[PDB]
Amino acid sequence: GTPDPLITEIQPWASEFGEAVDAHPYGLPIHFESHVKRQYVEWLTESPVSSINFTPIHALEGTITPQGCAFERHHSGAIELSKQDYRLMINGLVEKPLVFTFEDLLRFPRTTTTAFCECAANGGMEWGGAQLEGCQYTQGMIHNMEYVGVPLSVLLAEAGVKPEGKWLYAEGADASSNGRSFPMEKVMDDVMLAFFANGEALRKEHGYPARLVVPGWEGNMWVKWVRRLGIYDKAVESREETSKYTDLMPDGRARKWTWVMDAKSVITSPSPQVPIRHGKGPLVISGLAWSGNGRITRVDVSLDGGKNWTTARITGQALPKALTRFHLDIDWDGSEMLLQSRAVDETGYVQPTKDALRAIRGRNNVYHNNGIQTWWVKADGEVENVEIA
């Protein structure tokens, strides 16, 4: 019944040599995977040095983000800071203010965490409707890496925090500084100065040689190229926690200090960049769920816009404050679907709809859009970002 020549004829790769083991000391993806890259949406910002790009979460699987395509957010661009030039200062309400070199920092006891870094603004363009086409764009200001570094508690212990020191202010070595204020309780819990991400040094654009890792908290607080930890008796109320990363409410007042990222999820396939081209029958629904308030305990999936839900399975572990992969296998009969996913975390929090969020916050929050995403799967297998009501 017509043999396939890709099997019946010997192909060159089954006869001749491939590339040698000395060809690529540090490799990149095969060229066929060129679509798995960061994308840039120019209209979102006025300058490409104070801007955002997007992780290709439509095309990824599992939970670890490849660092080469893990999103970037800068305010004065990605700076080059050698380990030789690097300095970390601890000052303020401490018994002895200190300067550390990078060599010093490699001598402290080390810890690890695996944690998602989600920009506060992830999905923010979707507060007022359906605007961008693809989960890379509407959910891709996120990455998830295995970090190794030193807990802030051990560094702060060297300096000796005074009892009046209730807040820590962290700033970066870059022009923008990105200064942010932290309550000491969080600092002393699980904030890390990270030097390694997914095995190797941080990438330049991710804060080389040292960044803060702030599990469960908005990405802005993950100060990159960190140069100074100041201990104060009150919050600094810097630009990045007054003008920005404050969330305007219906009465014209705004929430400040919305640090934690709430439970959220998205179906990564099918999605607008991942149409169903293979016809009717078995179909994998894959996606990501995460919460700044702890572990994901389950993810529910709907095919009918939230009229009915089926609990998906967690593939792998549900680690605290980390991306979690879910799957639901279905048999697609070719009918239109309205796909949704809804995360639940260990606190009992259930991911809300966009409408449930807007009923409380209105439309001008800018940040913290964890609303349920809907995909319209059409009869031709094409997939759209829609709202439904």
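In case it trips you up, residue 1 is the first one in the sequence shown, and so on.
Quiz item: Which of the two stretches, 378 to 386 or 1 to 9, shows the higher mean Cα temperature factor in the record?
Solution: In the deposited entry, the stretch with the higher C-alpha B-factor mean is 1 to 9.
Quiz prompt | Mean Cα B-factor comparison, 349 to 357 or 332 to 340, giving the higher one as deposited | solution = Of 349 to 357 and 332 to 340, the stretch with the higher C-alpha B-factor average is 332 to 340.
Practice problem: Report the option among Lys204, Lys162, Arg227, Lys256 whose CA atom has the maximum B-factor in the deposited record. | Solution: Among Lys204, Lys162, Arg227, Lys256, the PDB entry lists the largest C-alpha B-factor for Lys162.
Quiz item: Looking at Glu240, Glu146, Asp304, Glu72, which has the biggest Cα B factor in the entry?
Solution: Of the candidates given, the C-alpha B-factor peaks at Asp304.
Quiz prompt | Third of chain Cα B-factors occupied by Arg363 | solution = It belongs to the highest third of the chain when residues are ordered by C-alpha B-factor.
Exercise. Compare the C-alpha B factor of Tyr208 with those of the other modelled residues in its chain, then answer lowest, middle or highest third.
Key: Bottom third by C-alpha B-factor.
Practice problem: Consider only the C-alpha atoms of the modelled residues in this chain, order them by B-factor as the entry records it, and name the third containing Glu42: lowest, middle or highest. | Solution: As the PDB entry reports it, the C-alpha B-factor of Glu42 lands in the highest third of its chain.
Practice problem: Sort the modelled residues of this chain by their C-alpha B factor and say whether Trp290 lands in the lowest, middle or highest third. | Solution: Tercile = lowest for this residue's CA B-factor.
Exercise. Ordered by C-alpha B-factor within the chain, which third holds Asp104? Give me lowest, middle or highest, please.
Key: It belongs to the highest third of the chain when residues are ordered by C-alpha B-factor.
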